[PDB]
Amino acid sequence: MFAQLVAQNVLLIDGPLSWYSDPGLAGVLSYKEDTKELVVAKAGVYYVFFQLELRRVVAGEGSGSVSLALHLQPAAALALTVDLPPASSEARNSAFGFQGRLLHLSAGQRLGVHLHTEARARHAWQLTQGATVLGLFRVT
């Protein structure tokens, strides 16, 4: 039992991320599109991980931080905070974060990922389309 989802969001708007099943895992734990949650099918201990890449689109603009937070819809299970460096001669135009940890997920536990931006000139940084991944796999 495993799953890997890719966020559909590009723009740094605070709120719940909308996912799509990783297309790379074609040959094969449901995702409910309306409520924007991944529902855990069978109960167990899962190694749950998520990552995000950011990119500067507006040259010479934007600084601040971006936060990812896994929440158990039925205090955060997982939490990332990527720093968006300010613009300088140092062309530091992308940013990346990764965190994984063993989570005890109950049978039918809903999962939502939330984007939180505390940034000046937010529009200048965006999520590199296809790099915001949430994945998990069981160990029981």
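We number the residues from 1 along the sequence you see.
The modelled chain breaks after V28 and resumes at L29, leaving 4 to 9 residues of the deposited sequence without coordinates. Going from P85 to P86, you skip over nothing: the modelled chain follows the deposited sequence without a break.
Taking only CA atoms, the mean B-factor in the PDB entry is higher for 110 to 118 than for the other of 110 to 118 and 95 to 103. The mean C-alpha temperature factor is higher for 31 to 39 when 31 to 39 and 44 to 52 are set side by side.
Comparing the C-alpha B-factors of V58, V66, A75, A69 in the entry, the top value falls on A75. The PDB entry assigns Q8 a C-alpha temperature factor belonging to the middle third of its chain's modelled residues. Ranked by Cα temperature factor within the chain, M1 sits in the highest third according to the deposited record.
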